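Colleague: To start, I am sharing the structure in question, which I have written as structure tokens.
Numbering (the deposited numbering), first residue to last: 100 to 175.
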């Protein structure tokens with residue numbers, strides 16, 4: 100089992116400090132960054148098998164998802 104943070108629809112990093120362990124080994128974690136024309140910025144992360152090393156075909160524009168196979172890789 101891999102350990103990664105878990106903060107959906109969050110804009111405050113100070114609050115994004117909830118580390119949770121995944122279900123089973125093999126699953127990968129990813130971090131999404133949302134930054135609109137304004138200043139507001141959200142942060143999301145997930146954990147599953149379906150995690151493309153690089154999301155270029157989709158998940159782009161405003162929200163970019165970055166895959167990673169490291170413990171607490173979605174810490175930042």
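Virtual Cβ for every residue (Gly too), placed ideally from N, Cα, C.
Thinking residue 132 and residue 162 are a contact (beta carbons under 8 Å), I'd like their distance in whole angstroms, please.
Modeller: Counting from 1 along the chain shown, the entry for residue 132 is found at position 33. Counting from 1 along the chain shown, the entry for residue 162 is found at position 63. That belief holds up - the Cβ atoms of residue 132 and residue 162 are roughly 7 Å apart, short of 8 Å.
Colleague: Near residue 110, which residues of its chain fall below 8 Å by C-beta distance, leaving aside the five closest residues on each side in sequence?
Modeller: Position 11 of the chain shown, counting from 1, holds the residue named residue 110. Answer for residue 110: 139, 140, 141 and 142, listed in chain order.
Colleague: Just list the residues that DSSP pairs residue 104 with in beta bridges.
Modeller: As a working note, residue 104 is residue 5 in the chain shown. Answer by DSSP bridge pairing, in chain order: 118.
Colleague: Counting only the same chain and skipping the five closest in sequence on each side, list residues whose C-beta sits under 6 Å from that of residue 145.
Modeller: Numbered from 1 along the chain shown, position 46 holds the residue referred to as residue 145. The residues are 129.
Colleague: Which term fits residue 149, buried or exposed, when burial requires 16 or more other beta carbons within 10 angstroms of its beta carbon?
Modeller: Here residue 149 is taken as the residue at index 50 of the chain shown, counted from 1. So residue 149 counts as exposed.
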